[PDB]
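Only one structure is covered here, and it is reproduced in the block below.
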Amino acid sequence: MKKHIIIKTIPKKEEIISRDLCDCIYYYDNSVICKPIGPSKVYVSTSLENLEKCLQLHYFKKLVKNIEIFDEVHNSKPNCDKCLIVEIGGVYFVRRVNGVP
């Protein structure tokens, strides 16, 4: 299942990391999307397993500090309350709280 992942990178390398991660993941998932999204942050949409196959290569291990996994992305303010909403670019990432009816 696709997730909406924010990767924290070292400073100044967002654009190259986005480009190179998309060229690595394409083999596993021809539908991947990547973009640089803020200072020290890259967006990727793919399954977590496909991301990790690439993030464990030597080249990416050096450049990536952490990741944050979200369930949804919206271009307008989301309407949920029982959730975490993070705005990066002018894009809204949502992580839902489990067990809400």
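Here, A, B, ... name the chains of the structure tokens in the order displayed, residue numbers run from 1 inside each chain, and ligands are numbered from 1 in the same displayed order.
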Write out as a compact mmCIF listing (two decimals) with N, CA and C atoms, in the first residue's frame all residues of segment 46-80 of chain A that DSSP puts in alpha helix (DSSP H) for this structure's backbone.
# COMPACT_ATOMS: atom_id res chain seq x y z
N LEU A 48 6.56 1.19 1.86
CA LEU A 48 7.71 1.42 2.75
C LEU A 48 8.88 0.49 2.41
N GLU A 49 8.51 -0.73 2.02
CA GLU A 49 9.45 -1.78 1.67
C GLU A 49 10.34 -1.38 0.48
N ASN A 50 9.72 -0.77 -0.53
CA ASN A 50 10.45 -0.25 -1.71
C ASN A 50 11.37 0.89 -1.34
N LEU A 51 10.91 1.79 -0.47
CA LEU A 51 11.78 2.86 0.04
C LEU A 51 13.01 2.30 0.79
N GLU A 52 12.78 1.34 1.68
CA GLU A 52 13.86 0.78 2.53
C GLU A 52 14.87 0.02 1.70
N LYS A 53 14.43 -0.65 0.63
CA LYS A 53 15.40 -1.34 -0.25
C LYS A 53 16.44 -0.38 -0.81
N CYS A 54 16.00 0.85 -1.09
CA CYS A 54 16.90 1.92 -1.55
C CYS A 54 17.64 2.69 -0.44
N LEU A 55 16.96 3.01 0.66
CA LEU A 55 17.57 3.74 1.78
C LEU A 55 18.71 3.00 2.50
N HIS A 58 24.56 2.26 0.39
CA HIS A 58 25.57 3.12 0.96
C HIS A 58 25.35 4.55 0.65
N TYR A 59 24.98 4.86 -0.62
CA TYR A 59 24.88 6.24 -1.04
C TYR A 59 23.83 7.03 -0.18
N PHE A 60 22.74 6.37 0.15
CA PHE A 60 21.57 7.04 0.79
C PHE A 60 21.71 7.03 2.29
N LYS A 61 22.33 5.97 2.85
CA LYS A 61 22.62 5.89 4.29
C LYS A 61 23.31 7.14 4.78
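Residues within 12 Å of residue 1 of chain A, counting only C-alpha atoms and excluding same-chain residues fewer than 6 positions away, are residues 29, 32, 45, 46, 47, 48, 49, 50, 71 and 72 of chain A.
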(request) Using only C-alpha atoms, pick whichever of A:21, A:80, A:44, A:85 has the shortest atom-to-atom distance to residue 100 of chain A. (result) A:80
(message) Need the shell around residue 41 of chain A: protein/DNA/RNA residues with any atom at most 6 Å away, counting only C-alpha atoms. Skip same-chain ones fewer than 6 positions apart. Format as a VMD selection string?
(response) chain A and resid 7 to 9
(message) DSSP on the backbone, strand (DSSP E) only: what residues of chain A does that give? Format it as a PyMOL selection string.
(response) chain A and resi 3-9+33-38+41-46+64-70+72-74+83-88+91-96
